[PDB]
Amino acid sequence: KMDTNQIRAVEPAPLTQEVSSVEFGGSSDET
Amino acid sequence: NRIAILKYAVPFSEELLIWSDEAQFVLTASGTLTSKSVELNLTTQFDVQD
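Below is the structure:
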């Protein structure tokens, strides 16, 4: 059971995705 | 270490006997067969023929 034991010790990480978003400021109008 | 062709196999239940001219083998898994736990052991050395 050497193969089964070692593969159980592999444990890769899932690493789900993560995303952010843009921002716009805008302007104030004079005259 | 000796390229032995496999001629006869007899399944019982939990072990599979592999017989090749000068070397005999047992294929036992424990639990499910499942490739990772498939295993093989060189049990006997007696002579079988074609």
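Chains as they are written, first to last, in the authors' numbering: chain 3, 11 to 41; chain u, 398 to 447. Heads up, the beta-carbon is just placed ideally off N, CA and C, and yes, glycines get one too.
With 16 other Cβ atoms within 10 Å as the buried cut-off, status of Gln-16 (chain 3): Translated into positions along the first sequence, residue 16 (chain 3) becomes position 6. Per the 10 Å Cβ criterion, exposed.
Unbroken stretches of the beta strand (DSSP E), 3 residues or longer, contained in the region 407-432 of chain u: Taking only runs of at least 3 residues, the beta strand (DSSP E) segments lying wholly in the region 407-432 of chain u are 412-417 and 420-425.
Residues sharing a beta bridge with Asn-438 (chain u), DSSP: If you number the second sequence from 1, residue 438 (chain u) lands on position 41. DSSP lists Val-423 (chain u) as partners of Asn-438 (chain u).
Chain-order list of residues whose beta-carbon lies under 7 Å from that of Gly-428 (chain u) (same chain, five-residue window excluded): Position 31 of the second sequence, counted from the first residue, corresponds to residue 428 (chain u). Excluding positions up to five away in sequence, the list reads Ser-434.
Cα-Cα separation between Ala-420 (chain u) and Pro-22 (chain 3), rounded to whole angstroms: Position 23 of the second sequence, counting from 1, holds the residue named residue 420 (chain u). Position 12 of the first sequence, counting from 1, holds the residue named residue 22 (chain 3). Those two C-alpha atoms are separated by around 40 Å.
Segment contact flag, the region 406-423 of chain u with the region 437-445 of chain u, C-beta cutoff 8 Å, min 3 pairs: yes
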